[PDB]
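Student: Once you've had a glance at the structure underneath, I'll fire off some questions.
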Amino acid sequence: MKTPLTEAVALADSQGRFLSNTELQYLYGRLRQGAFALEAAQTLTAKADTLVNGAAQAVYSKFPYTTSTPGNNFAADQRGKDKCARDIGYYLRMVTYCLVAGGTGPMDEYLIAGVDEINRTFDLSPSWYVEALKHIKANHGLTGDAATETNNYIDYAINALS
Amino acid sequence: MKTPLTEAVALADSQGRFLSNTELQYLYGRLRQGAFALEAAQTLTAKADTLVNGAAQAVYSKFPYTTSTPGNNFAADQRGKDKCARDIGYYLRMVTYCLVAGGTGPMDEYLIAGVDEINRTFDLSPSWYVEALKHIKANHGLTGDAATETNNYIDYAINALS
Amino acid sequence: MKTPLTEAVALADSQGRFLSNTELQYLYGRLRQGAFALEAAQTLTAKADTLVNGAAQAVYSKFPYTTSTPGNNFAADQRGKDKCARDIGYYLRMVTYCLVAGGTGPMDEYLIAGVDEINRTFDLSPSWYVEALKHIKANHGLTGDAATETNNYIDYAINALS
Amino acid sequence: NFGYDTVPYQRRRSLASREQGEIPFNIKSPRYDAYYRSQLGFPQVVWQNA
Amino acid sequence: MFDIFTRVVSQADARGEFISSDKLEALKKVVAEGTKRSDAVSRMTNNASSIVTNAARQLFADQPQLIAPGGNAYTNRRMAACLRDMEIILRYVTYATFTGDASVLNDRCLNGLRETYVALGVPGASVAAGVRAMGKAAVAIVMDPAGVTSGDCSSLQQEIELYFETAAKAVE
Amino acid sequence: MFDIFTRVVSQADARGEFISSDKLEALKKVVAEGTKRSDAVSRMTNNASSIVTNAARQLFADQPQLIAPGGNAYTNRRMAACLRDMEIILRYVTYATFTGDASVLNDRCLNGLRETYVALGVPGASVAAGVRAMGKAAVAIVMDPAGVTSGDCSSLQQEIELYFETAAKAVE
Amino acid sequence: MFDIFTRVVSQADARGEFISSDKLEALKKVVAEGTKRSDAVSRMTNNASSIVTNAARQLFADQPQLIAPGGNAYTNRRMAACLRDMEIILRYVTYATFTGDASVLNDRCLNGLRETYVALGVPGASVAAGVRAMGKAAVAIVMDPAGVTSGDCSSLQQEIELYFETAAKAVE
Amino acid sequence: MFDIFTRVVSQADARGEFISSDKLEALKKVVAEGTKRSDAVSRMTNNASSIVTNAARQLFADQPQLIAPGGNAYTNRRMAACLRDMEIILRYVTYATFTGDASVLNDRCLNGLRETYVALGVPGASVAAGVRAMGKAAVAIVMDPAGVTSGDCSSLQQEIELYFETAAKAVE
Amino acid sequence: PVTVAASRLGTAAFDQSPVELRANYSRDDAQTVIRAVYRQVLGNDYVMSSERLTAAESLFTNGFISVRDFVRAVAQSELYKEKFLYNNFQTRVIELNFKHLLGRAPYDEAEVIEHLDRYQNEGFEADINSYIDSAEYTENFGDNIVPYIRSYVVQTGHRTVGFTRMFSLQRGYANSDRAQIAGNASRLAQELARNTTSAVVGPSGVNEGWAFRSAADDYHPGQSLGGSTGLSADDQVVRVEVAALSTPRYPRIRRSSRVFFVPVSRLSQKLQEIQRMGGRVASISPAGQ
Ligand SMILES: CCC1=C(C)/C(=C/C2=NC(=C\c3[nH]c(/C=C4\NC(=O)[C@H](C)[C@H]4CC)c(C)c3CCC(=O)O)/C(CCC(=O)O)=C2C)NC1=O
Ligand SMILES: CCC1=C(C)/C(=C/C2=NC(=C\c3[nH]c(/C=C4\NC(=O)[C@H](C)[C@H]4CC)c(C)c3CCC(=O)O)/C(CCC(=O)O)=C2C)NC1=O
Ligand SMILES: CCC1=C(C)/C(=C/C2=NC(=C\c3[nH]c(/C=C4\NC(=O)[C@H](C)[C@H]4CC)c(C)c3CCC(=O)O)/C(CCC(=O)O)=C2C)NC1=O
Ligand SMILES: CCC1=C(C)/C(=C/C2=NC(=C\c3[nH]c(/C=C4\NC(=O)[C@H](C)[C@H]4CC)c(C)c3CCC(=O)O)/C(CCC(=O)O)=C2C)NC1=O
Ligand SMILES: CCC1=C(C)/C(=C/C2=NC(=C\c3[nH]c(/C=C4\NC(=O)[C@H](C)[C@H]4CC)c(C)c3CCC(=O)O)/C(CCC(=O)O)=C2C)NC1=O
Ligand SMILES: CCC1=C(C)/C(=C/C2=NC(=C\c3[nH]c(/C=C4\NC(=O)[C@H](C)[C@H]4CC)c(C)c3CCC(=O)O)/C(CCC(=O)O)=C2C)NC1=O
Ligand SMILES: CCC1=C(C)/C(=C/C2=NC(=C\c3[nH]c(/C=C4\NC(=O)[C@H](C)[C@H]4CC)c(C)c3CCC(=O)O)/C(CCC(=O)O)=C2C)NC1=O
Ligand SMILES: CCC1=C(C)/C(=C/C2=NC(=C\c3[nH]c(/C=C4\NC(=O)[C@H](C)[C@H]4CC)c(C)c3CCC(=O)O)/C(CCC(=O)O)=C2C)NC1=O
Ligand SMILES: CCC1=C(C)/C(=C/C2=NC(=C\c3[nH]c(/C=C4\NC(=O)[C@H](C)[C@H]4CC)c(C)c3CCC(=O)O)/C(CCC(=O)O)=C2C)NC1=O
Ligand SMILES: CCC1=C(C)/C(=C/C2=NC(=C\c3[nH]c(/C=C4\NC(=O)[C@H](C)[C@H]4CC)c(C)c3CCC(=O)O)/C(CCC(=O)O)=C2C)NC1=O
Ligand SMILES: CCC1=C(C)/C(=C/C2=NC(=C\c3[nH]c(/C=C4\NC(=O)[C@H](C)[C@H]4CC)c(C)c3CCC(=O)O)/C(CCC(=O)O)=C2C)NC1=O
């Protein structure tokens, strides 16, 4: 729940003080981020289906063996392909929430808390979703402050993922 | 909880009135009863062991079969005799409390509420305790208003018992 | 609640021991204090109205500006004079309770806990009540052990007040 | 007879081993009387007799 | 509910033995002074309503914020509610000194007096001061004899004083 | 904890779909008025402590039974406790209007305000009237501009009014 | 915590007036008999542990089901727990008669004695009878003078009797 | 209320799909052993009241403090209340093993058994030991065949054992 | 620091200032702090000498090992596991560790995940270390002071909740923490995840309605839906809770302790009815309107 307004509130709660001017600057920074983050989330939501479709196909061409061998993590038949594409769509939707929230909190709470543990107990590999996010950050094709703020969120997910 | 002071209080509570002169007369009657009831309880407590001992022996001679046949209510062995004598001692102690309280309330609450039900489920007979109380009211040997007030309590226990 | 009997009880509670002879000496000291403290509280209660009246008038002559300027702490009109005299009467009554209790506990609980905080948030000055207590300790005019025990309580209130 | 939580009922309609114990109250008392029937004029007869 | 006779009965039943002789001597003393219980209950029930008005009189001379608008005893309905509260409090005091045991007053007032008074917003301080002044006036009318045959009444004075302090620390 | 952005995120995650465009237009309106959130929070945090003293002023002019001995706000310790309660209540109002969501104030005051106030014996009526007067004074200092560039502020007025009524029906 | 001096202080602060002269005369009587408070507390604290063993003696001669296996006081650990309970009960009686107010015993035993005893399965009847017998033995050792200068002690006898009956109706 | 058929229905409605075939095979096994449910319920309802008296017999041979004056099961009224409690507990056990689901016993005893027993002062230990002994006697009369055609009954033994342990950890 | 009806809430016994271990404490002062540590961490449970752990205690009496590490030592001990980890539920064990070491009631569901998650991931030995190695621990009592209940003071950082949840946690002073009315069950774990608080009750005798406990099946919320639209009375409504109803008997009363919701206009008559049932009132709190 990493939200700079709420993190400022949690800070001033821990201090027990009233609202300081540091928090006013914090609000200014949040507005400065949101003033392009909302439009970036808009075009991401426009592009999202082509993004997850190209990302799934690129990961399938990236490792041929997950299509090849019959296994439980891998997409041998079409149900595994559905679960795989559901997972990358989940990832990109977390990216959009992470962008629109102004912080890593939706990402943190909804993915980062136990991702490596379910990857351990299901024998998944995080590198699949790493190269998926690499294809997404190559595919969104944006420019400006919004593009690199989204790219920052994406490589944060990559770093915490690996 | 049949106490003429408390019954007067419960009455004036139900009416919602202050203390009336009827309650003053009620208090007068309670003092008139207690002025011999306390001395009667004193001599009963003096006589109590001989009373319960003669009452147990008289009930044993009154019905020989409870000594005779082996059963669970009856006193075949000595533990049943102990429980039997405990019961008549309980009875006489309730009589003393009933006397000193000025009403049937200790008797009512502590015996009369479920005596016939435990006599039903244990297959006891109330007539045993009836003839026990008859021996007690024959044995206390008192005279005066206190004697017949105690006798009134005893036959109240007899009537409610049967 | 600084009471030497109760402080002794709290000590023996913390030790978990029975009553020791130290507590017997503590009781002896409390009786020795009370044997004049009660008469001192008596003459203080006799003098109390003249004491608070002279103390209020002396503080008003001590600083003319609280009578002069219209303000919220100050006594511009008569309601502030009433609240001011109520405060010094409160002070002297706490002194009497502090004397009769044998310790600083009534003073501590009823004044000393947050006096400087309400003086801060109301923009009062404690020096007003300091010079008021100085006038009281000059005005009570007693002699003996009781006089200096009361004076000790008064300058305790002065020291904790400033 | 009921208390806080108990729905009311007809207490002791039929005494045990009686063929016809009692008339239930919902029939026995209607919601009109024998008097508002006169205000409405409901006994207009179908003239099945005569 | 619980009388002092029934108090002795409940102690002797919890022990489960017969009653001691000295306790019966104490009960003989009690029935010896039962006429003085009658004297006191009759005396203060004679004057009870005027005692309630005088207690409300001293309370409303003392704290004018209650009569003041926005006060808790301000409205006519709430004023009648105040006099209702004081009247039934004195009524249960008369019940307790008639029975001789404080169990009636405790079990029918201690439970929810504080509860209603914090739940409504009633200042418990005024009821505590009022029941204290009412108890002082009650001792004042009970103790002094007016054409009454003389005797000692210190035990009764202690008893109703204890009853009024239990009421006072009931409401607080 | 919950911000209005995170409110929209939690709705869109409970639905599990992407956020609607019109909701994003509402968020564009929100970030357009974020400077007015800053204006209001700065204005009332500038004057907050004097607002607390003026609220206690009107409360203690209104109900003198609190200052009166035996009252709940009588003692110096309890008086500082009163000012503590009002100060942290206004502090959580400032938290809520800075965040934009009442969840902070609800989840950190609604839970135990009523609970402490019935458990201690605190009259909830005085705190309710005091937070109402404090909210009126807060709207009074927020709305009027003193050398401030002009604009409309009715939505903010509605917001802090709602926050103070949630506080008022929190304590009751 | 609360002493009888502090009791008078708390009454006079709830009223908010100075202390009455007759109450100060009562306190003069109290400090006149403070040496007799010392006499009694010293006497029964001299014999306290033997009083605890004699109380457990009469309890275990009375109710052999406690010593009997399956009984609540059967085990060695629970037996030491029993003697612990009685010792700290007599300790708080000594605290109360040293302070003069029952508030110490009430506020540190009344709260959870009944609670622990119904939660554990402890029969409250045995503790009530035991604290009654312990109180009788305590009055027996306090009242009789052994080489002590003579005086009246009926008020102290009433005081510790009241303290032991508050303990007895605390555990029940 | 809830039967094992209705249990399967509520699972299949929470999933919202048709019932699986293997679950229907389990229900075919259930209706195959319904005559053994009838055998067991008939057997223990034949002997139920004597089982209640024997359970109270072992309880009152075990813990004589209950019969002892001041005990919770001491008085005649409370003794009938005890037998009432045990009889309706065994009645709800018979209800549960007739239905096949513990929901009847849970939803009509689990809620307030512990609650009444801590509120009254009832020692939950004695009821727990008594329902354990009553369950042992119930298995003893159910399992042994007296002129009954032979068969296996281990599943029923497990079922009523589970029902009596749910009762035992209900009262505790 | 309550001081109004402090008798009623039972927190009058916890009035005193905390104990502080000096730089060169004597042997007796050591023993007092050891007795305080035993009483607080085991929740006024008395200790036998066979379970006294005199060996770990002597190391503390030297001064080589701090008080906070002695608190760690008694919580690392097997007796604390046997008294508290073993009989109780593990969520209840987390609840107890909040009282025993931090000194306050938990505030939300996030702390009970963090300690359950930690229990499964690393063990009870690590979980206790996480309680004691906390900023919330080290602020209130760093090394020298015993743990003690801080919930009655706001302490600049209490949520409201812990004040009232603490009275569900601890009763009185005389009550031993192993031994409560509910016994094995955890009071607060129902309260946490619904994010709700029950009404504050004081401990017995001083209050005689202590017996009341909310049923696990029936929540009975405080507000009762609409200032009583459905009860059809113009006045405000208060919650009323009764402790016993024993006069009424078995066929009349299925459960002794229940919650009623009444308008104030009918409050007097229902209170009289409750007293006629011999029922004593636990709590009465304003409900709605
Ligand atoms: C909101 C964030 C979020 C994510 C990302 C998430 C992922 C997630 N993926 C899962 C399984 C799975 N994930 C895969 C995925 C793959 N195998 C492949 O061929 C591909 C390389 C890869 C596609 C990414 C498969 C095949 C399963 C099921 C494992 C199996 O069938 O036993 C599971 C276990 C439950 C299940 O589907 O059956 C979770 C929880 N959950 C979340 O809440
Ligand atoms: C305060 C009033 C009071 C009374 C009177 C009372 C009686 C009482 N008697 C009982 C049993 C009993 N009562 C008897 C008595 C008898 N069999 C005989 O030989 C004699 C004729 C008779 C002596 C009176 C026996 C033998 C039992 C045990 C039944 C059996 O052993 O199964 C029981 C069942 C519990 C038990 O002892 O084992 C109760 C409750 N309880 C009370 O609270
Ligand atoms: C039992 C101990 C005790 C004390 C002493 C006490 C004092 C006390 N004085 C107060 C105010 C005040 N005190 C003053 C006093 C003064 N201004 C002057 O001219 C004089 C120099 C001075 C007289 C001492 C005034 C004027 C106010 C009201 C402040 C204002 O009107 O806004 C207040 C704030 C509430 C109020 O009256 O309106 C408290 C609590 N309370 C206590 O419980
Ligand atoms: C209600 C109609 C009614 C009344 C009034 C009544 C009164 C009454 N009070 C009496 C005695 C007494 N009543 C008192 C009581 C008191 N004397 C005092 O000096 C105190 C002021 C006061 C106690 C508060 C005393 C001292 C005695 C005589 C000796 C004694 O019994 O203590 C007696 C015994 C003989 C007598 O003196 O007449 C009667 C009959 N009986 C009734 O049926
Ligand atoms: C804390 C240090 C600090 C302050 C004060 C700050 C203020 C601030 N308030 C602003 C706008 C504004 N602020 C307001 C707000 C108000 N005007 C009114 O008439 C109402 C009385 C009041 C709302 C309660 C309005 C109406 C605007 C301009 C249009 C708009 O954005 O609504 C702006 C935008 C441009 C400007 O006007 O300067 C700034 C920078 N920024 C800061 O860093
Ligand atoms: C702890 C070490 C210690 C002790 C013992 C102590 C005792 C003590 N008890 C005293 C008086 C007294 N103490 C008593 C008390 C009693 N007499 C009785 O007959 C009753 C049996 C008993 C009350 C339970 C009485 C009656 C007096 C003298 C008159 C009075 O003050 O009441 C006095 C006053 C003068 C004197 O008699 O010596 C002292 C010093 N002081 C101490 O420092
Ligand atoms: C209530 C009046 C009534 C009764 C008694 C009744 C009984 C009954 N029990 C039966 C079977 C049975 N009942 C049992 C049960 C048992 N056998 C054991 O060895 C165990 C001790 C006991 C289980 C506790 C068994 C094992 C069978 C036969 C095979 C089976 O169905 O399991 C059958 C099936 C055919 C038969 O055996 O007669 C009937 C009709 N029906 C009724 O209407
Ligand atoms: C962060 C959220 C939060 C809040 C809001 C909070 C309130 C809170 N208010 C309290 C007391 C108090 N609150 C008042 C309030 C008042 N005085 C009156 O009489 C008026 C009705 C009202 C004036 C505003 C008083 C007097 C006390 C002290 C009560 C006592 O001494 O028992 C207490 C008791 C502890 C103490 O003594 O300081 C708490 C925990 N705690 C929290 O954690
Ligand atoms: C400072 C105030 C205070 C008191 C009074 C107090 C009592 C207290 N008594 C207890 C136990 C006990 N109390 C008894 C009492 C008895 N044995 C019987 O059977 C008789 C009925 C009675 C004999 C006197 C027994 C046996 C235990 C141990 C219960 C158990 O092992 O569960 C316990 C349980 C903890 C332990 O095991 O030691 C506490 C907390 N605690 C306090 O903090
Ligand atoms: C349908 C589900 C249901 C159950 C199970 C139920 C139990 C129930 N058991 C009760 C009492 C009781 N239960 C006992 C139990 C015992 N005696 C002991 O000492 C032993 C520990 C245990 C022996 C078995 C006793 C003595 C009472 C009477 C308590 C009293 O008089 O206050 C009461 C109090 C009302 C009364 O006086 O009859 C209820 C409501 N009520 C229900 O509606
Ligand atoms: C039989 C035992 C019993 C008692 C004692 C009792 C008291 C009781 N007092 C009440 C109200 C009241 N009590 C007062 C009291 C006062 N006015 C003040 O401001 C002063 C502080 C105090 C003056 C004496 C007031 C004003 C109300 C009405 C409160 C309201 O309108 O909400 C109410 C609320 C119901 C009503 O409106 O009448 C109850 C139930 N009920 C009982 O069943």
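Chain identifiers are assigned as A, B, and so on, following the order in which chains appear in the structure tokens; residues are numbered from 1 within each chain, and ligands are numbered from 1 in order of appearance.
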Neighbouring residues of residue 152 in chain E were defined as those with any atom within 12 Å, considering only C-alpha atoms; residues of the same chain fewer than 4 positions away were excluded. Please report them as a JSON list (two decimals) with N, CA, C and O atoms, in the first residue's frame.

Tutor:
[["chain", "number", "residue", "atom", "x", "y", "z"],
["E", 33, "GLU", "N", -34.83, -5.08, 68.34],
["E", 33, "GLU", "CA", -34.85, -3.71, 67.81],
["E", 33, "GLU", "C", -35.71, -3.57, 66.56],
["E", 33, "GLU", "O", -35.62, -2.54, 65.88],
["E", 36, "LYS", "N", -37.71, -0.57, 66.39],
["E", 36, "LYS", "CA", -37.01, 0.66, 66.05],
["E", 36, "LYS", "C", -36.78, 0.76, 64.55],
["E", 36, "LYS", "O", -36.76, 1.87, 63.99],
["E", 37, "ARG", "N", -36.64, -0.39, 63.88],
["E", 37, "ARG", "CA", -36.72, -0.41, 62.42],
["E", 37, "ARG", "C", -38.06, 0.14, 61.95],
["E", 37, "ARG", "O", -38.12, 0.94, 61.01],
["E", 39, "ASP", "N", -40.02, 2.20, 63.68],
["E", 39, "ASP", "CA", -40.01, 3.62, 64.04],
["E", 39, "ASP", "C", -39.33, 4.45, 62.94],
["E", 39, "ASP", "O", -39.90, 5.43, 62.45],
["E", 40, "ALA", "N", -38.16, 4.00, 62.49],
["E", 40, "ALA", "CA", -37.39, 4.77, 61.51],
["E", 40, "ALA", "C", -38.03, 4.76, 60.13],
["E", 40, "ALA", "O", -38.10, 5.80, 59.47],
["E", 142, "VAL", "N", -35.02, 11.34, 60.81],
["E", 142, "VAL", "CA", -35.18, 10.07, 61.53],
["E", 142, "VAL", "C", -34.75, 10.21, 62.98],
["E", 142, "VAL", "O", -35.47, 9.78, 63.90],
["E", 143, "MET", "N", -33.60, 10.84, 63.22],
["E", 143, "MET", "CA", -32.97, 10.76, 64.54],
["E", 143, "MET", "C", -33.71, 11.57, 65.59],
["E", 143, "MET", "O", -33.92, 11.08, 66.71],
["E", 144, "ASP", "N", -34.11, 12.79, 65.27],
["E", 144, "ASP", "CA", -34.74, 13.65, 66.26],
["E", 144, "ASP", "C", -36.14, 13.15, 66.59],
["E", 144, "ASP", "O", -36.96, 12.97, 65.69],
["E", 145, "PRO", "N", -36.44, 12.92, 67.87],
["E", 145, "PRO", "CA", -37.79, 12.47, 68.23],
["E", 145, "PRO", "C", -38.75, 13.63, 68.44],
["E", 145, "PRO", "O", -38.43, 14.61, 69.11],
["E", 148, "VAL", "N", -41.93, 11.22, 70.54],
["E", 148, "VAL", "CA", -41.64, 9.80, 70.46],
["E", 148, "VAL", "C", -40.89, 9.40, 71.72],
["E", 148, "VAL", "O", -40.10, 10.18, 72.26],
["E", 156, "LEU", "N", -29.17, 2.28, 63.84],
["E", 156, "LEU", "CA", -29.99, 2.63, 62.70],
["E", 156, "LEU", "C", -29.39, 3.78, 61.92],
["E", 156, "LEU", "O", -29.43, 3.79, 60.69],
["E", 157, "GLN", "N", -28.83, 4.76, 62.64],
["E", 157, "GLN", "CA", -28.16, 5.89, 61.99],
["E", 157, "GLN", "C", -27.01, 5.42, 61.13],
["E", 157, "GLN", "O", -26.88, 5.83, 59.96],
["E", 158, "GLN", "N", -26.20, 4.50, 61.66],
["E", 158, "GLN", "CA", -25.13, 3.87, 60.91],
["E", 158, "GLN", "C", -25.67, 3.11, 59.70],
["E", 158, "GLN", "O", -25.07, 3.14, 58.62]]

Student: Would you mind listing, as a ChimeraX atom specification, all residues of chain I that have at least one atom within 12 Å of chain B, where only C-alpha atoms are what counts?

Tutor: /I:247,249,272-273,275-276

Student: I need the chosen residues saved as a PDB file, in the first residue's frame, with C-alpha atoms.

Tutor:
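Dumped to result10.pdb:
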ATOM      1  CA  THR I 247     -34.996 -17.271  37.542  1.00  0.00           C
ATOM      2  CA  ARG I 249     -35.625 -21.519  34.030  1.00  0.00           C
ATOM      3  CA  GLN I 272     -37.300  -3.704  35.698  1.00  0.00           C
ATOM      4  CA  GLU I 273     -38.168  -6.891  33.778  1.00  0.00           C
ATOM      5  CA  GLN I 275     -34.323  -7.415  37.569  1.00  0.00           C
ATOM      6  CA  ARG I 276     -37.530  -9.441  37.911  1.00  0.00           C
TER       7      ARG I 276
END

Student: Throw together the list of residues within 7 Å of ligand 8, counting only C-alpha atoms and all ligand atoms, and drop it here as a PyMOL selection string.

Tutor: (chain F and resi 66+71-73+78-79+81-83+85-86+88-89+108-109+113+116+120+122-127+130) or (chain I and resi 1-4+152-154+158-160+163)

Student: Using only C-alpha atoms and all ligand atoms, what are the residues with an atom within 10 Å of ligand 4, set out as an MDAnalysis selection string?

Tutor: (chainID B and resid 19:25 27:28) or (chainID E and resid 31:46 139:157)

Student: Print the selection's residues with C-alpha atoms to a file, as a compact mmCIF listing (two decimals), in the first residue's frame.

Tutor:
# COMPACT_ATOMS: atom_id res chain seq x y z
CA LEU B 19 -44.03 1.40 52.62
CA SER B 20 -47.58 1.07 53.88
CA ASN B 21 -48.80 0.25 57.35
CA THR B 22 -49.72 -3.25 56.22
CA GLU B 23 -45.99 -3.86 55.96
CA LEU B 24 -45.53 -2.47 59.47
CA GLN B 25 -48.02 -5.06 60.71
CA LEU B 27 -42.96 -6.81 60.45
CA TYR B 28 -44.81 -7.04 63.78
CA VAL E 31 -35.92 -8.86 66.75
CA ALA E 32 -35.51 -6.82 69.93
CA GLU E 33 -34.85 -3.71 67.81
CA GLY E 34 -37.37 -4.50 65.06
CA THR E 35 -39.73 -1.94 66.57
CA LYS E 36 -37.01 0.66 66.05
CA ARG E 37 -36.72 -0.41 62.42
CA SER E 38 -40.47 0.24 62.31
CA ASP E 39 -40.01 3.62 64.04
CA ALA E 40 -37.39 4.77 61.51
CA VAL E 41 -39.07 3.47 58.34
CA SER E 42 -42.37 5.02 59.42
CA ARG E 43 -40.70 8.34 60.25
CA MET E 44 -38.87 8.82 56.98
CA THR E 45 -41.67 7.43 54.81
CA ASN E 46 -43.87 10.04 56.49
CA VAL E 139 -30.91 11.14 59.11
CA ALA E 140 -32.05 14.58 60.30
CA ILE E 141 -35.73 13.61 60.23
CA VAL E 142 -35.18 10.07 61.53
CA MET E 143 -32.97 10.76 64.54
CA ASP E 144 -34.74 13.65 66.26
CA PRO E 145 -37.79 12.47 68.23
CA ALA E 146 -41.00 14.50 68.04
CA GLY E 147 -43.29 13.22 70.78
CA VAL E 148 -41.64 9.80 70.46
CA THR E 149 -40.52 7.69 73.42
CA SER E 150 -36.79 7.99 73.89
CA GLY E 151 -34.12 5.44 73.05
CA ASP E 152 -30.79 4.95 71.33
CA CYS E 153 -30.75 4.81 67.54
CA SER E 154 -27.06 4.91 66.63
CA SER E 155 -27.12 1.51 64.91
CA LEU E 156 -29.99 2.63 62.70
CA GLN E 157 -28.16 5.89 61.99

Student: Which polymer residues have any atom within 7 Å of an atom of range 33-39 of chain B, counting only C-alpha atoms, with same-chain residues fewer than 3 positions away left out, as a ChimeraX atom specification?

Tutor: /B:29-30,42-43,99-100,102,146 /E:24

Student: Using only C-alpha atoms and all ligand atoms, find each residue of chain I with at least one atom at most 7 Å away from an atom of ligand 9; report its shortest atom-to-atom pair and that distance in Å (one decimal), sort the rows by chain and rising residue number, and return the result as a Markdown table.

Tutor:
| residue | atom | partner | partner_atom_place_in_ligand_line | distance |
| --- | --- | --- | --- | --- |
| I:44 | CA | ligand 9 | 43 (O) | 6.0 |
| I:45 | CA | ligand 9 | 35 (C) | 5.0 |
| I:46 | CA | ligand 9 | 38 (O) | 4.7 |
| I:173 | CA | ligand 9 | 43 (O) | 5.7 |
| I:174 | CA | ligand 9 | 43 (O) | 3.2 |
| I:175 | CA | ligand 9 | 40 (C) | 4.9 |
| I:176 | CA | ligand 9 | 40 (C) | 3.8 |
| I:179 | CA | ligand 9 | 34 (C) | 6.5 |

Student: Determine which residues of range 6-162 of chain A DSSP labels as alpha helix (DSSP H) from the backbone of this structure, then write them out as a PyMOL selection string.

Tutor: chain A and resi 6-15+21-62+65-68+78-100+105-107+115-121+126-139+145-161

Student: Show me, as a PyMOL selection string, every residue of chain E with an atom at most 9 Å from chain B, counting only C-alpha atoms.

Tutor: chain E and resi 1-3+5-6+8-10+12-13+16-21+24-25+27-28+31-32+34-35+38+41-42+45+91+94-95+98-99+104

Student: Show me, as an MDAnalysis selection string, every residue of chain I with an atom at most 12 Å from chain G, counting only C-alpha atoms.

Tutor: chainID I and resid 3:16 44:51 170:184 201:212

Student: How would you report the residues lying within 6 Å of ligand 1, as a PyMOL selection string, if you count only C-alpha atoms and all ligand atoms?

Tutor: chain A and resi 66+72-75+80-81+83-85+87-88+90-91+110-111+128

Student: Starting from chain F, keep only residues with some atom at most 12 Å from an atom of chain G, counting only C-alpha atoms, and report them as a VMD selection string.

Tutor: chain F and resid 67 to 72 74 to 75

Student: Could you pull out the strand (DSSP E or B) residues of range 181-269 of chain I, going by DSSP on the backbone, and write them as a list in words?

Tutor: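 Result set for range 181-269 of chain I (strand (DSSP E or B)): residues 204, 207, 237, 238, 239, 240, 241, 242, 259, 260, 261, 262 and 263 of chain I.
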